[PDB]
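Q:
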Amino acid sequence: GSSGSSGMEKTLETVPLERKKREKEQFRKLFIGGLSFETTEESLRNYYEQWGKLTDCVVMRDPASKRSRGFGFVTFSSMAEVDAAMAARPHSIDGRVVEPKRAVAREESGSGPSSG
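At position 97 of the sequence shown (counting the first as 1) the number is 99 in our numbering, and the numbers step up by one without a gap.
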């Protein structure tokens with residue numbers, strides 16, 4: 003008789019709209035979360051290179067540590083491959099359990115209301 007779990011995901015309300023720009027990007031741009039900080043652009047691509055070749059792979063690095071944040075973006079060549087990557091969970095890289103994201107519409111802190 004085993005069991006246990008937990009979580010906490012916000013909901014938020016009222017999202018600000020912006021020109022956005024570059025749709026093809028966000029369209030074929032997935033945000034990888036939990037790279038272990040030991041997974042570089044390549045090391046990562048080496049993984050997301052099977053489903054498809056990433057035309058652009060960026061890995062965010064700690065803005066304070068200046069090393070690795072543990073998350074980045076993977077831009078596939080086609081919408082099919084990426085789609086395959088989406089339905090290819092879970093994801094294990096660097097010997098750790100990661101978690102990919104659509105990337106589209108991502109938390110973007112701001113300030114000052116702009117409208118009318």
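Just so you know, even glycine gets a beta-carbon here, dropped at the ideal spot from N, CA and C.
1) Kindly indicate the opening and closing residues of the beta strand (DSSP E) around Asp-58.
2) If you measure between the beta carbons of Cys-59 and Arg-47, is that distance less than 8 angstroms?
3) May I ask which residues mark the beginning and end of the alpha helix (DSSP H) holding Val-84?
4) If we count Cβ pairs, one from each stretch, closer than 8 angstroms, do we get three or more for the region 78–92 versus the region 26–36?
5) For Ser-80, collect the residues of the same chain with a Cβ closer than 7 angstroms to its Cβ; drop the 5 residues on either side in sequence, then sort them by chain order.
6) Quickly, what does DSSP pair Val-76 with across the bridge? List them, please.
7) Going by the beta-carbon positions, is the gap between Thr-42 and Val-61 smaller than 8 angstroms?
8) In this structure, what does DSSP give as the bridge partners for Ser-113?
9) For the candidate residues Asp-64, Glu-109, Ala-66, whose alpha-carbon lies nearest to that of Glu-11?
A: Well, looking at it:
1) 58–62
2) yes
3) 81–88
4) As far as the Cβ criterion goes, the region 78–92 touches the region 26–36, which means the pair count is three or higher.
5) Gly-54
6) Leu-32, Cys-59
7) Yes; because the gap between Cβ atoms is below 8 angstroms, this pair is in contact.
8) Bridge partners of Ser-113: none, in fact.
9) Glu-109
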